[PDB]
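Residue numbers (the deposited numbering): 503 to 518, 522 to 549, 551 to 615.
The C-beta atom is built at its ideal place from N, Cα and C for all residues, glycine as well.
Structure first, then comments.
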């Protein structure tokens, strides 16, 4: 696997508002022998895996809006229902790069 992207991020998930589930290093990973196997891995000094999921060709991974470029909507399927996780990074150019790195990984696959 190659690292296409890497940053400290906070993962927020909806609770019946949005609440933090941990802070970790978020990596975008592609298999060296298979450009169609791309995943995100987010790992907190417990090394707790907060997120380990495939990038889906059919989903758009984009900021909440123009005003929050550092909060990326991460749609994911759990039990056949669509949910949106939120990936919070510190800076707004970091969100722009994550989006660009995912879109580029999706066109390559």
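Report, in whole angstroms, the separation of the C-beta atoms of residue i and residue j, which I expect to be a contact under 8 Å.
{"i": "residue 604", "j": "residue 578", "result": "6 Å"}
{"i": "residue 615", "j": "residue 563", "result": "6 Å"}
Express the C-alpha separation of residue j and residue i in angstroms, rounding to a whole number.
{"i": "residue 505", "j": "residue 607", "result": "10 Å"}
{"i": "residue 582", "j": "residue 533", "result": "15 Å"}
{"i": "residue 535", "j": "residue 610", "result": "12 Å"}
{"i": "residue 509", "j": "residue 560", "result": "18 Å"}
{"i": "residue 543", "j": "residue 503", "result": "9 Å"}
{"i": "residue 515", "j": "residue 531", "result": "15 Å"}
{"i": "residue 524", "j": "residue 586", "result": "22 Å"}
Does the beta-carbon of residue i have 16 or more other beta-carbons within 10 angstroms, so that it is buried, or is it exposed?
{"i": "residue 529", "result": "buried"}
{"i": "residue 575", "result": "buried"}
{"i": "residue 591", "result": "buried"}
{"i": "residue 588", "result": "exposed"}
| message | Is it the case that the region 564-579 contacts the region 596-606, given that we only count it when at least three CB pairs across the two stretches are under 8 Å? | response | Touching, yes.
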